[PDB]
Amino acid sequence: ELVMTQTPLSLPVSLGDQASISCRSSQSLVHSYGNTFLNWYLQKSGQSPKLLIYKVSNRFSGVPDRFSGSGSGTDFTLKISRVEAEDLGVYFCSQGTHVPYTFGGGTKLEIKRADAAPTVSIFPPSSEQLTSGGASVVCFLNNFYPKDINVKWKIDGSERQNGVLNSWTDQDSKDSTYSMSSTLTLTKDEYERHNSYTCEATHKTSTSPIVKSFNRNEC
Amino acid sequence: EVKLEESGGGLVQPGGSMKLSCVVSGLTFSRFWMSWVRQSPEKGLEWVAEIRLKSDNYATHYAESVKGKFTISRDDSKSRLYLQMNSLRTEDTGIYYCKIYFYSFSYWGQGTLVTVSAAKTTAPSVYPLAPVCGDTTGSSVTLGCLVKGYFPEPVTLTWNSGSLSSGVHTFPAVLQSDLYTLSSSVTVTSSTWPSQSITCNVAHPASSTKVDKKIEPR
């Protein structure tokens, strides 16, 4: 069927700047005179896709003029002019000329902003979890930029790699930062025969790593 | 406004069957063509099936991957679209959206999540995350909630019934060994807690589990 090739995969852009997103189809999308059914969508984090541009260049009801679309031959372009923080998410082209309808692979728009170091917090296992024979240690690393970050667990000074599970948020539509959670899970047995637990983060903002720690005896 | 709402999603064993429904309002249902579209990490958005108008003798079209396996149908009287899914495979796992469209518009529903897996339903354990013992270090304090070892998605998590939304980060769940784990952090001014109650509210419809976990100082 009709392959839609969308580029780039990600698009970092400063506020006020213009972003340009391309889709190329493998054949003409002209359905009939005055009808080329190429659509553009935005899917924000945690939401369904919303229609921005229909029939190549037509702005959907409610969409600002900051958003425009064009296309000649099999080449189509979405432009987002005065980029706002709320514009972040994944942009998709789709064609409705030929069945099966098909979509591009998406473009993730990333808002550029000033570097910001993570706010780091560490959490011992709850007494509730301990009663069950497990022990999870959690570390939040919140509101940082850029999204690249490296987190290390250390137990009594020794690096621990096994038993770690990490998750990142999508970029924040208000402050343009990222957040990350790291959970180290061990048995209650192991937990209770070590003392010092450390969450250590290196980020481009700092030469020295940000360290958060507790000792099992003190708390 | 125009509103589309899917239901029928959930966990199903491979080879099993499942019926999705979509109810539309805010526009005249019977006038427009309708489709199911699914979404996953491995496939992105993939169109599943289309059903046309009474005029067109309710003509349907299907993606090759689902032909004879899925059936799309409509009930113009109730403003309801259906998808009958049979012979489900793990790769049919995804969020399923209904969509209504015309020359000049396209509107999607919220989506319903379909998990095709042999793994069993498991209730989460919900754990409070209180800061290490001290004496208010900083103008701010962060608390958390750990929701561990559940299946399938989704869960709902709020802080103080949703009245606390600023300063919240709910992290996407991570799947390992057929179990999901999710966490959420909340940050408030240091004068706010523990003087005022902060409670994590968590629900997992699939296991009929609802938990309120107040965050108590250590």
# chains A, B, ... in the order shown; residues from 1 in each chain; ligands from 1
$ closest_atom_pairs --of "chain B" --to "chain A" --cutoff "9 Å" --atoms "only C-alpha atoms" --output "JSON lines"
{"residue": "B:43", "atom": "CA", "partner": "A:105", "partner_atom": "CA", "distance": 8.5}
{"residue": "B:44", "atom": "CA", "partner": "A:105", "partner_atom": "CA", "distance": 6.3}
{"residue": "B:45", "atom": "CA", "partner": "A:103", "partner_atom": "CA", "distance": 6.4}
{"residue": "B:46", "atom": "CA", "partner": "A:102", "partner_atom": "CA", "distance": 6.8}
{"residue": "B:47", "atom": "CA", "partner": "A:101", "partner_atom": "CA", "distance": 6.1}
{"residue": "B:48", "atom": "CA", "partner": "A:100", "partner_atom": "CA", "distance": 8.4}
{"residue": "B:49", "atom": "CA", "partner": "A:100", "partner_atom": "CA", "distance": 8.6}
{"residue": "B:61", "atom": "CA", "partner": "A:99", "partner_atom": "CA", "distance": 7.9}
{"residue": "B:62", "atom": "CA", "partner": "A:100", "partner_atom": "CA", "distance": 7.6}
{"residue": "B:63", "atom": "CA", "partner": "A:100", "partner_atom": "CA", "distance": 6.2}
{"residue": "B:64", "atom": "CA", "partner": "A:100", "partner_atom": "CA", "distance": 8.6}
{"residue": "B:97", "atom": "CA", "partner": "A:48", "partner_atom": "CA", "distance": 8.1}
{"residue": "B:103", "atom": "CA", "partner": "A:55", "partner_atom": "CA", "distance": 7.8}
{"residue": "B:104", "atom": "CA", "partner": "A:54", "partner_atom": "CA", "distance": 6.8}
{"residue": "B:105", "atom": "CA", "partner": "A:60", "partner_atom": "CA", "distance": 7.3}
{"residue": "B:106", "atom": "CA", "partner": "A:51", "partner_atom": "CA", "distance": 6.2}
{"residue": "B:107", "atom": "CA", "partner": "A:50", "partner_atom": "CA", "distance": 7.1}
{"residue": "B:108", "atom": "CA", "partner": "A:48", "partner_atom": "CA", "distance": 6.6}
{"residue": "B:109", "atom": "CA", "partner": "A:48", "partner_atom": "CA", "distance": 6.9}
{"residue": "B:110", "atom": "CA", "partner": "A:48", "partner_atom": "CA", "distance": 5.8}
{"residue": "B:111", "atom": "CA", "partner": "A:48", "partner_atom": "CA", "distance": 7.1}
{"residue": "B:125", "atom": "CA", "partner": "A:129", "partner_atom": "CA", "distance": 8.2}
{"residue": "B:126", "atom": "CA", "partner": "A:129", "partner_atom": "CA", "distance": 8.7}
{"residue": "B:127", "atom": "CA", "partner": "A:126", "partner_atom": "CA", "distance": 6.3}
{"residue": "B:128", "atom": "CA", "partner": "A:126", "partner_atom": "CA", "distance": 6.3}
{"residue": "B:129", "atom": "CA", "partner": "A:123", "partner_atom": "CA", "distance": 5.9}
{"residue": "B:130", "atom": "CA", "partner": "A:123", "partner_atom": "CA", "distance": 6.4}
{"residue": "B:131", "atom": "CA", "partner": "A:123", "partner_atom": "CA", "distance": 5.8}
{"residue": "B:132", "atom": "CA", "partner": "A:219", "partner_atom": "CA", "distance": 6.4}
{"residue": "B:133", "atom": "CA", "partner": "A:219", "partner_atom": "CA", "distance": 5.6}
{"residue": "B:134", "atom": "CA", "partner": "A:219", "partner_atom": "CA", "distance": 8.8}
{"residue": "B:142", "atom": "CA", "partner": "A:121", "partner_atom": "CA", "distance": 7.1}
{"residue": "B:143", "atom": "CA", "partner": "A:123", "partner_atom": "CA", "distance": 8.6}
{"residue": "B:144", "atom": "CA", "partner": "A:123", "partner_atom": "CA", "distance": 8.4}
{"residue": "B:146", "atom": "CA", "partner": "A:138", "partner_atom": "CA", "distance": 8.4}
{"residue": "B:169", "atom": "CA", "partner": "A:179", "partner_atom": "CA", "distance": 7.4}
{"residue": "B:170", "atom": "CA", "partner": "A:169", "partner_atom": "CA", "distance": 7.4}
{"residue": "B:171", "atom": "CA", "partner": "A:169", "partner_atom": "CA", "distance": 5.5}
{"residue": "B:172", "atom": "CA", "partner": "A:167", "partner_atom": "CA", "distance": 6.2}
{"residue": "B:173", "atom": "CA", "partner": "A:167", "partner_atom": "CA", "distance": 7.2}
{"residue": "B:174", "atom": "CA", "partner": "A:167", "partner_atom": "CA", "distance": 6.7}
{"residue": "B:176", "atom": "CA", "partner": "A:165", "partner_atom": "CA", "distance": 8.9}
{"residue": "B:181", "atom": "CA", "partner": "A:165", "partner_atom": "CA", "distance": 8.6}
{"residue": "B:182", "atom": "CA", "partner": "A:167", "partner_atom": "CA", "distance": 8.2}
{"residue": "B:183", "atom": "CA", "partner": "A:181", "partner_atom": "CA", "distance": 7.3}
{"residue": "B:184", "atom": "CA", "partner": "A:181", "partner_atom": "CA", "distance": 8.3}
{"residue": "B:185", "atom": "CA", "partner": "A:140", "partner_atom": "CA", "distance": 7.4}
{"residue": "B:218", "atom": "CA", "partner": "A:219", "partner_atom": "CA", "distance": 7.2}
$ residues_around --residues "range 1-3 of chain B" --least-positions-apart "4" --cutoff "7 Å" --atoms "only C-alpha atoms" --output "MDAnalysis selection string"
chainID B and resid 24:27 109
$ atom_distance --atom1 "CA of residue 32 in chain B" --atom2 "CA of residue 82 in chain B"
14.8 Å
$ atom_distance --atom1 "CA of residue 31 in chain B" --atom2 "CA of residue 67 in chain B"
25.1 Å
